[PDB]
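Heads up, the chain below is alone and in the form deposited in one PDB entry; it's given as structure tokens.
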């Protein structure tokens, strides 16, 4: 290999990952990493936790220091240096030293853009004058929010936007003893998950005394941000505001160089991360990726992809192209007080948008064997193709064992496994860790029963209309469980008696079954089908139904 001058724009997840591997591939290359801020490789993900006082040491947020990293990898690292323009036909960039105000041009043979994505700042009347309004991207943002809390002693905070990071901000503010209201324009927190899964999250947040405001938005900020006027007309009195309404790719250098853009103003790249200019590559939050499941062009600003992309790009630049980026799966996770919430692939909302036929299943199963202490429920939703078993996505929540189940399913998906394969994953079983069939196996079995046609099912959002239309709903729980409530129109025949009471099941009506979790409902469905009844199980049973439609519960 012939040595070259490689310039990297941005010094965090994408930029630092590519620079480090680039050095490992060549001692001779000149590697320059240009970063507008003071810090390289900061823990962007750690910022909410430093604000919450969970991370107590500011310096812990520095994953690599400029000194250590430039020495270890012989990198010419230039912090407080802003790339102001790309000159692509000249093959130079224009850099401004922020401290000294000197500007200069820097020649490159290869240019790498990893400038990330900036917070979306809405044009809300009063926002300019809102003294205690904050966005969160970098370390200085973090210092500012923390200084304000430490010095001004806010008693109430408002969080605008209920995405994964909005939610983490909600938690960390509460942790500091600040009362919190969360404002969301959607009808749920956390866009990546579906409505009925969000319903559990909402419960857990409200149990920690978070006020949740849905289908509302900030119409105006009044009294210097101390007064929040909602679109609806309602008002929130507050001592500070955190804006977390999402991010937009930092593609201005690209636009300025006349480089091709992708969806939502991302920098467009080919399979090798190359932009429309042969000498300029781009990675990280700023680029368009294909989603792994459908290969649809999208933007998914996550750290694993940024790091994977930077690491792969280094190999690619050196001609090691046997492996190219397979797209982003969208595996993500958040701590929500006592809960873990995870997602991978696509939700129902995206799939409907894309006109893709799917089925879903909701299976609750214990984090580990129930005879062993401190087992806790893990709820897995699995979304899949009825004919092929192709997995479109999964969502999981629970107090423990959630990251594990998501990681297994995420692995299965990238390995091109179908729901029919999930029951055959030989996982680690001893009493503290799992059960003889892991929750992953279990969700695999439930989905396989649909694929194989052993059971037909209906959703929480279908059952009421079905009962109105003459559906005959049999609740197979024990009579005592009905005190928790029931679905309207239900008739109770406990599972264990059903075989002795088949004469009570009409042979002239379409039969619908619910239990508590769906498992006993499924057993009943199997029995009745075999007896030649047409029957469907209510997926997730009453437990799920009552969580998402509590106002419809009959007592």
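Residue numbers count along the first chain shown, from 1. Think of the rigid core as the biggest set of C-alphas that the two forms share within 1.5 Å after superposition.
Absent from the display: the form deposited with a small molecule bound. The rest refers to it.
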| item | value |
| --- | --- |
| One stretch from 193 to 201, 478 to 486, 103 to 111, 243 to 251 that, in the deposited bound form, holds residues within 4.5 Å of the small molecule by heavy atom | 243 to 251 |
| Touches the small molecule in the deposited bound form: residue 162 (any heavy atom, 4.5 Å) | yes |
| Touches the small molecule in the deposited bound form: residue 166 (any heavy atom, 4.5 Å) | yes |
| Residue 184 within 4.5 Å of the small molecule in the deposited bound form, heavy atoms | yes |
| 4.5 Å heavy atom contact, residue 216 to the small molecule in the deposited bound form | yes |
| Only residue that shifts (Cα, 2 Å or more, rigid core superposed) between the shown form and the other one, among 320, 399, 153, 461 | 320 |
| Closer or farther: C-alpha pair residue 299/residue 321 in the deposited bound form, relative to this form, given a change of 3 Å or more | farther |
| Inter-Cα distance between residue 254 and residue 322 in the deposited bound form, nearer or further [3 Å or more] | closer |
